[PDB]
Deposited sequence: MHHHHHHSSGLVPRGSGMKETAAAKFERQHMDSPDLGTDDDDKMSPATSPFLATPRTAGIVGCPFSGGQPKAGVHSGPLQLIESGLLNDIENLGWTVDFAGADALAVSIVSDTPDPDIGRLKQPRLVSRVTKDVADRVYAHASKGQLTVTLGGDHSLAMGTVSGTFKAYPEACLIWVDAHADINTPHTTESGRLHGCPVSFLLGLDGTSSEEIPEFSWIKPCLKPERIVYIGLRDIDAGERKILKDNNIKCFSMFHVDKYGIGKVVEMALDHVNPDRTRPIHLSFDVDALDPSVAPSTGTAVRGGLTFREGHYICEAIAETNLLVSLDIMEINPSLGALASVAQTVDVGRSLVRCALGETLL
């Protein structure tokens, strides 16, 4: 079973907030929308640097390193780091910092896309579908030196997959990565899916959890997670007390701000 209280966090509960608008204005809108106050109402103390805190590989590395550092700063302090993102490639940074601080963490990746392409399978070229390939370590080394492969393939699980967008269906099977696609969600229901996901990466419920949630996995033809399912993922993870890092990615400014806000509150311990 899971611990009655978090074995990782700092005794004065602190939410670290890092926004990175790389791709939009969604992280700023969410911040404008009362997210900070919501978090505080739940008994959390907020560490936010203020609303100024927020191929093309040359620049994709810079920003992700920036994120990797800020995330670790919060991570190395017992905070739960909430990364408010644009692009999911930013998970290169968020996961680096988190695993830097928690080498024994596991990663739950919620997205319609596997984002697992090597630069040798990319074809598109946008670093958007490559971040997992660097974290798993098969890069190809060049101007991505700060990245150490901090993620074993048995430590990642995917929920919500539908279009393999730069996330090769061969790469996934070669490295034996557990994937729960929309077919499996339909089949089993999100209830059983989340439990199987937890049992795969975290069977003894003793590993810190990194929940990297991309809002593109959601829906308002109608083939993504419902809002309720995206919410249950956040609740179910929350009930374990194992969560140390939360990404809310690709927010994109209509009521996807209110959705992002709801999932944050939920992930942080709004049980209701």
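Counting the deposited sequence from 1, the stretches lacking C-alpha coordinates are 1 to 43, 67 to 74, 106 to 121, 208 to 212, 293 to 301, 335 to 342, 362.
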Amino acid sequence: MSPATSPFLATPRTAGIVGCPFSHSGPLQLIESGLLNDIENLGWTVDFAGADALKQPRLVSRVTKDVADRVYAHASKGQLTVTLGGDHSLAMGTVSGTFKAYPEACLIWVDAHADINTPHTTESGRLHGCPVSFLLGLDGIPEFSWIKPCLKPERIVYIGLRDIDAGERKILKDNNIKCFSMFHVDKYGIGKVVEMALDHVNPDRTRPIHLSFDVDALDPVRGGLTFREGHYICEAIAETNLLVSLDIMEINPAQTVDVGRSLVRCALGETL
From here on, numbers count along this sequence of modelled residues.
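Mean C-alpha B-factor is higher over 72 to 80 than over the other stretch, the pair under comparison being 72 to 80 and 194 to 202. As recorded in the PDB entry, 55 to 63 is the stretch of 55 to 63 and 221 to 229 with the greater mean C-alpha temperature factor. Across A112, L127, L136, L107, the entry's maximum B-factor at the CA atom is seen for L127.
Which of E154, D87, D163, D186 has the largest Cα B-factor in the deposited entry comes down to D163.
The entry lists a Cα temperature factor for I39 that places it in the middle third of the chain's modelled residues. Split the chain's modelled residues into thirds by C-alpha temperature factor. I17 is in the middle one. Placement of the Cα temperature factor of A267 within the chain: lowest third of the modelled residues, per the deposited record. In the deposited entry, the Cα temperature factor of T94 places it in the middle third of its chain's modelled residues.
When the modelled residues of the chain are ordered by C-alpha B-factor, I147 sits in the highest third.
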